[PDB]
Amino acid sequence: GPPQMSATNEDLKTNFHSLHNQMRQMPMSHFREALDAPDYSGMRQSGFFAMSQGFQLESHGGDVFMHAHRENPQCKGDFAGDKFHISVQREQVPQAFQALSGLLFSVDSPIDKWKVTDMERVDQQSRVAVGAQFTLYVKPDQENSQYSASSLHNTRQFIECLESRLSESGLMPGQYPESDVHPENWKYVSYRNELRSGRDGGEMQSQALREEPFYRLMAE
């Protein structure tokens, strides 16, 4: 049948014009970076359970990622499939983690949940090893699983801050995953929606992803 519908996405369609025009009127976001965050190797030692800046940390023998999620989420909506990846050069993941940890653990971050690949365990030729070493899960902020204009703006601003920190910290871009799409002005970040694309998809799903209302709000 057709692609999987979501109430979150239908609301974005209904309110598309209003949403992007409200966003354009908002001033820059202000993200206070976390000091005292774990480093990359330390986050590997989270094992069963560790904490930093109100994020629960996990890294144990089951899969090849290390995970962070807020004990108390700021976004109250249900996940609606929107996610970002961040791609850096394969050998630079620990340095990228150091450059991004201020933002990823920030009290002001709009991202409640994310993971980074464990480069000691991953298949070195994997799509999440040569790029997409960070995965960020976006959730609508409202309890009704709708995105507010404010939250959309903060998310877009956050992605632009991740890009700026990576660039000015001297990170080289990695290989973007074929599954995702990105605009010319994102050198590290890319996007897909879980409900309406696959991780094993490629160019055949590019146009559909570029048409996702959430993506258009982030990129157009």
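Residues take their numbers from the sequence shown, with the count starting at 1. Side chains are part of it too, since the values below use all heavy atoms of this structure and drop only hydrogens, waters and symmetry mates.
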Least distance between heavy atoms, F97 atom then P38 atom: CE2-O, 3.3 Å

Minimum side-chain heavy-atom gap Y215-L209 below 4.5 Å: no

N144-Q146 side chain donor-acceptor pair, cut-off 3.5 Å: yes

Side-chain touch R127/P177, heavy atoms, less than 4.5 angstrom: yes

Same cluster (ILVMFWY, side-chain, under 4.5 Å), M23 and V189: yes

Nearest heavy atoms of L217 and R156, plus distance in Å: O-NH1, 3.0 Å

Pairwise side-chain contact, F158 with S109, heavy-atom cut-off 4.5 Å (strictly under): yes

Salt bridge (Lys or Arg N to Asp or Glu O under 4.0 Å) between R199 and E194, intermediate numbers included: CA-CA 8 Å; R199 70 175 56 87; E194 290 196 9; 5.4 Å; no

Minimal non-hydrogen separation, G198 against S179, with atom names: O-CB, 3.6 Å

Pair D180-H85, side-chain hydrogen bond (donor to acceptor under 3.5 Å, both in side chains): steps then yes or no: CA-CA 8 Å; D180 287 14; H85 297 112; 2.6 Å; yes

Test: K113 cationic atom under 6.0 Å from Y137 six-membered ring centre, within 45° of axis: yes

Side-chain heavy atoms of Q89 within contact of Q175, under 4.5 Å: no

CH2-CG distance between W186 and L166, expressed to the nearest 0.5 angstrom: 13.5 Å

Any side-chain heavy-atom pair of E10 and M5 under 4.5 Å: yes

Minimum-distance pair of heavy atoms, taken over all atoms of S29 and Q157: N-OE1, 2.9 Å

Closest heavy-atom pair and its distance - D39, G42: OD1-N, 2.9 Å

Interatomic spacing from CG in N154 to SG in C161 - rounded to 0.5 Å: 11.5 Å

Single-linkage hydrophobic cluster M43~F65, side-chain heavy atoms < 4.5 angstrom: yes

Parallel, tilted or perpendicular, as decided by the 30° and 60° cut-offs, for the rings of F55 and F105: perpendicular

From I111 atom CD1 to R70 atom CZ, the distance as rounded to the nearest 0.5 Å: 8.5 Å

Single-linkage hydrophobic cluster, 4.5 Å side-chain cutoff, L104 and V107 together: no

4.5 Å side-chain heavy-atom contact, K187 and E163: yes

Within one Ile-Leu-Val-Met-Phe-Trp-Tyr cluster: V64 and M66, side-chain cutoff 4.5 Å: yes

Option passing side chain to side chain contact (heavy atoms under 4.5 Å, CB included) with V122 (candidates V93, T117, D63, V130): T117

Co-membership, hydrophobic cluster, residues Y176 and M119, 4.5 Å side-chain: no

Heavy-atom pair with the smallest gap, counting every atom of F84 and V138: CE1-CG2, 3.5 Å

Parallel, tilted or perpendicular, as decided by the 30° and 60° cut-offs, for the rings of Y147 and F214: tilted

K139/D112 salt bridge by N-O under 4.0 Å criterion: yes

Pairing of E211 and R216 as salt bridge, 4.0 angstrom limit: no

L103 side, atom CG; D108 side, atom CG - distance, nearest 0.5 Å: 9.5 Å

Reported CD1-to-OH distance for the pair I159 and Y188, which is rounded to 0.5 angstrom: 14.5 Å

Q22 CD: over 12 foreign heavy atoms closer than 6.0 Å: yes

Interatomic spacing from SG in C75 to CD in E143 - rounded to 0.5 Å: 12.0 Å

Side-chain donor-acceptor pair present, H69, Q56, cut-off under 3.5 Å: yes

Charged N-O contact under 4.0 Å between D118 and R44: yes

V88 vs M172 side-chain heavy atoms within contact, under 4.5 Å: no

Under-4.0 Å salt bridge between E212 and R192: no

Donor-acceptor side-chain pairing of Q125 and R90 below 3.5 angstrom: yes

